[PDB]
2 protein chains.
Amino acid sequence: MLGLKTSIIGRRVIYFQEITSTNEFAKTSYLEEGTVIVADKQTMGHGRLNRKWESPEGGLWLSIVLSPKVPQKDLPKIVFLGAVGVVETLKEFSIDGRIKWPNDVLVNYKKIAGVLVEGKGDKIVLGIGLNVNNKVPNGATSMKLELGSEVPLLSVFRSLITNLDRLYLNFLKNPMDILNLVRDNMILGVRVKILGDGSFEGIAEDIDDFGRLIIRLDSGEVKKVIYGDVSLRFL
Amino acid sequence: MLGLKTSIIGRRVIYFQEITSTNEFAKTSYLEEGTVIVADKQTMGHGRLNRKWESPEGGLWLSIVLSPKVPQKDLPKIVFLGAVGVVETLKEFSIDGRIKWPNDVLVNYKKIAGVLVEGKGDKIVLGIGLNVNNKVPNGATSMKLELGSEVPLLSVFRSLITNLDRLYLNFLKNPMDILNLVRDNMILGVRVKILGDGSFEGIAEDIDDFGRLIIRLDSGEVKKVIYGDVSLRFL
Ligand SMILES: Nc1ncnc2c1ncn2[C@@H]1O[C@H](COP(=O)(O)OP(=O)(O)OP(=O)(O)O)[C@@H](O)[C@H]1O
Ligand SMILES: Nc1ncnc2c1ncn2[C@@H]1O[C@H](COP(=O)(O)OP(=O)(O)OP(=O)(O)O)[C@@H](O)[C@H]1O
């Protein structure tokens, strides 16, 4: 009854009034590629760092089952598809979402959405949490808070699914195209701190042909940050 | 993201852009009670009397999984919950649908909805096909045709699910109530013919405590028709 017109993402949609985690359900269940898992609220959702993620009613909490048949070298770019998809949807609603490498979207440096990719073998789950009309923790923001008014959750869902489906299909054909889109919507040219095994600071210059974040340390040294267990902090 | 507030029916909804049959998927898949299977269109929909049911885009095609903890005798009345739910929804949209015993809803004698109940194992599958904005076979009708304008399909879904959830919760406690609702919304006091072997005709007087159609033949003989494979015609 939704009348979705997408090619792969959204061929099927499983909606829950409530769920522990859409990502966990997507990973565990036998589901066909393109299947979207969405819930009014998650009781046990986590972030990329495996930290607690608030998923109250009013927000958009979903996961997409994907099985891309692309080189293993491009696989780390799936997170970007999610982030760019959100940015585009936000632009449609006249909200200036900007990407914080590698998985966050911020509005005025306030977190409005987070993306989490998980995948054992051939099955890849693209998780997305977007604050729409829900209350948010300090520092974060939402579409409602930004526009000063409620936003039809379903409209945001329809918009996002449409963008993700387009970005995904093109990605299967042109895996590099996403990098340009990320580049144009990513927070760059400012100082950041990299928190991994220890830490270092520098200018976030750009992302390379592998999606790695390029940081220029004050000594002139250039480091390439591969996304995994690493945290980025703006100074 | 749908924000359904129902208690059982609609706790989970599985949507398909295309499917062979919602009832079939609902019969063969392990699904928790109250799960709703819905699709933009069915490629192999079928009816109460095994006639191919046309399910083009624009219509409301769904199946609901139930496992009513009620006495055996009551199990057969599930079809009426569907019929009445449709009638209540139609009324909300300013349409007067009347029940053609035992599973169809008509508007000015034109078929607008069909209910099909199947029970694989101990779970019951309530199938409902409602013509909203889709093209319909000659002689049939739709909410669009009745109202003269497109009808927000999701709005009809939300309304029907709300009514069915309420009707089902009461049925679990007071399984006899549904009969009264059917009586008050069914086509009675008119001549009908029961097709098949032993075919006969008479006046459709009422339905009894088992939901059997009570027919008075001209001889004065009274026959009670079970709602199984029965094929009925208005004269
Ligand atoms: N609804 C929400 N909106 C925005 N931020 C949230 C929300 N719920 C939780 N958070 C914060 O976002 C984090 C989400 O997961 P995670 O920490 O893994 O993200 P990250 O981008 O890798 O790290 P960071 O939060 O430091 O940017 C939580 O640790 C929490 O501090
Ligand atoms: N979407 C639809 N809207 C209206 N009528 C339909 C639709 N799809 C199929 N039909 C027709 O409606 C008929 C009625 O339902 P069914 O197939 O379950 O058996 P039936 O014996 O014809 O029932 P009835 O006595 O109520 O007409 C079908 O036989 C078919 O000709």
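Order of listing sets the numbers, starting from 1, for every ligand and every atom in it. Throughout, a chain's letter reflects where its sequence line sits, starting with A, and its residues are numbered from 1.
Residue-to-ligand polar distances keep B:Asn50 apart from ligand 2: every N/O pair is separated by 3.5 Å or more. When only interatomic distances are considered, the shortest N/O to N/O separation between B:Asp104 and ligand 2 falls below 3.5 Å.
Ligand 2 places these atoms under 4.0 Å from at least one heavy atom of B:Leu232: 25 (O). In the vicinity of B:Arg48, heavy-atom distances shorter than 4.0 Å reach the ligand 2 atoms 18 (O).
Looking only at heavy atoms of the protein, atom 4 (C) of ligand 1 is closest to A:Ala140 CB, 3.3 Å. Looking only at heavy atoms of the protein, atom 16 (P) of ligand 1 is closest to A:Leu49 CD2, 3.8 Å. Closest to atom 26 (O) of ligand 1, if we only count protein heavy atoms, is A:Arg51 NH1, 3.7 Å. Summary of contacts: the protein heavy atom closest to atom 15 (O) of ligand 1 is A:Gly47 CA, 3.2 Å.
For the pair A:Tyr15 (side chain) and B:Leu4 (backbone), a donor-acceptor distance under 3.5 Å is present.
Within 6.0 Å of NZ in A:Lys52 there are more than 12 heavy atoms belonging to other residues, nucleotides or ligands. Summarising the local packing, CG of B:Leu75 is surrounded by more than 12 heavy atoms from other residues, nucleotides or ligands at distances under 6.0 Å.
For atom 31 (O) of ligand 1, the nearest protein heavy atom lies 4.0 Å away or farther.
Between the choices A:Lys52, A:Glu54, A:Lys111, A:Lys100, the shortest heavy-atom distance to atom 19 (O) of ligand 1 belongs to A:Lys111. Of the candidates A:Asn131, A:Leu195, A:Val136, it is A:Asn131 that places a heavy atom closest to atom 3 (N) of ligand 1.
Heavy-atom distances between B:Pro137 and ligand 2 reach below 4.0 Å in at least one pair.
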Trace of the salt bridge (charged side-chain N to carboxylate O under 4.0 Å, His left out) decision for B:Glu88 with B:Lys91: CA-CA 5 Å; B:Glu88 299 175 329; B:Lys91 185 180 180 182; over 6 Å; no
CA sep, side-chain torsions, deciding dist, call: A:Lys5, B:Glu57, salt bridge (charged side-chain N to carboxylate O under 4.0 Å, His left out): CA-CA 12 Å; A:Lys5 301 301 174 187; B:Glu57 287 195 7; 3.0 Å; yes
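With respect to the salt-bridge test (charged N to carboxylate O, under 4.0 angstrom), the residues A:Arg216 and A:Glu205 do not qualify. A salt bridge is absent between A:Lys110 and A:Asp104: the closest approach of a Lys/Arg side-chain nitrogen to an acidic carboxylate oxygen does not fall below 4.0 angstrom.
Stacking of B:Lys223 on the aromatic ring of B:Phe200 is recorded, both the 6.0 Å distance cut-off and the 45° axial limit being met.
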